[PDB]
């Protein structure tokens, strides 16, 4: 495979960018639409849906379970029943949301369903969710990929305790299907360190939009009452995490990037994102239903806690590497990134140091000292966000090439074209 040369920005970037839909919101809407249709509530359409490998894996997963998902662009319509064929096998790819959100849903069928995924996915955490399903009465063969969920057409539900420190998706996956368990579900996270609170809150918010009653009033505990899931139209927001890769271009070049269709109130962690950008003294403004970021003339090192928004780490690490020479930045709260698409703490360390940088993995993150970088081959590890981090670096370092820019298809297949149009 040919590398992809990351274009440089010898002058400030100036651009209006539209990023496609939120992967997290699209895949939740697909699951909730599937549940409504399976309950006999009718078809649902999701408008502005992201079309990417992770959402194609989710809609193919629902079709493996027997549902129908129509739509060739961003408007997807879900209908039908959960009625898997003999030998049903869900391909999870490297999509955590398919791996974690579809085994519960699948426990609703009366035909077992096998789950498999990419070689690289087999290294990602999953066993605590499979133990939770067994505790809820589900027969599950296997403790890792490939595993089989032997549903009985019913799932009893009840109360379960789970260690979800490795992934908030274990909580979201249980919550999304819980209203269809006979008795609902009370889920308790045991211990501490629960990452990605905004993504569990995203789940709760979308459940309430579907008419599901969920009590999240006590931290680390969720109670979902059994009840119908409405068949409604879903309107998907732009992916704000991917927007940050583009906004980073403004930040490191002293330029100006606007993102269209930015929601003033979002189901995503918009407020965390805008606060981090403001930490680097970017000016951030809302205007014309768009978000405009103007980068500073320079920025020093920063400390940032990414526990709630760990998927920002690759872009934020690239920002830290490009701070004024000698600056030190500490990224913390992100031990769980060892279990992501790749071990992102190790990979970011490896690729920054390859370019001559100074990045030290810590027990919960990275310490990065901004030092002059040089050309190299930035490896993506089949991880869309490693690939985009290489693009951010290459804005300010000539001769940086990403090995596999097609890794961006996980959540942003048009990234090369969008990035090229932005840098111009």
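Numbering follows the first chain given and starts at 1.
S.K.: Averaged over C-alpha atoms, is the B-factor higher for 355-363 or for 28-36 in this PDB entry?
M.R.: Taking the mean C-alpha B-factor of 355-363 and of 28-36, the larger value falls to 355-363.
S.K.: With respect to the recorded C-alpha B factors, which stretch has the higher mean value, 387-395 or 39-47?
M.R.: So the stretch with the higher mean C-alpha B-factor is 39-47.
S.K.: Select one of 99, 309, 259, 111: the residue whose C-alpha shows the highest B-factor in the crystal structure entry.
M.R.: Highest C-alpha B-factor among the listed options: 111.
S.K.: Highest Cα B-factor in the deposition, which of 314, 137, 238, 269?
M.R.: In this record, 137 carries the highest C-alpha B-factor of the candidates.
S.K.: For residue 173, return the chain-relative third of its C-alpha B-factor as stated in the PDB record: lowest, middle or highest.
M.R.: As the PDB entry reports it, the C-alpha B-factor of residue 173 lands in the lowest third of its chain.
S.K.: Is the Cα B-factor recorded for residue 164 in the lowest, middle or highest third of its chain?
M.R.: Tercile = lowest for this residue's CA B-factor.
S.K.: Divide the modelled residues of the chain into thirds by Cα B-factor and specify which third, lowest, middle or highest, holds residue 199.
M.R.: It belongs to the lowest third of the chain when residues are ordered by C-alpha B-factor.
S.K.: Residue 416: which third of its chain by C-alpha temperature factor?
M.R.: As the PDB entry reports it, the C-alpha B-factor of residue 416 lands in the middle third of its chain.
S.K.: Among the chain's modelled residues, which third holds the C-alpha B-factor of residue 424?
M.R.: Ranked within chain, residue 424 CA B lands in the highest tercile.
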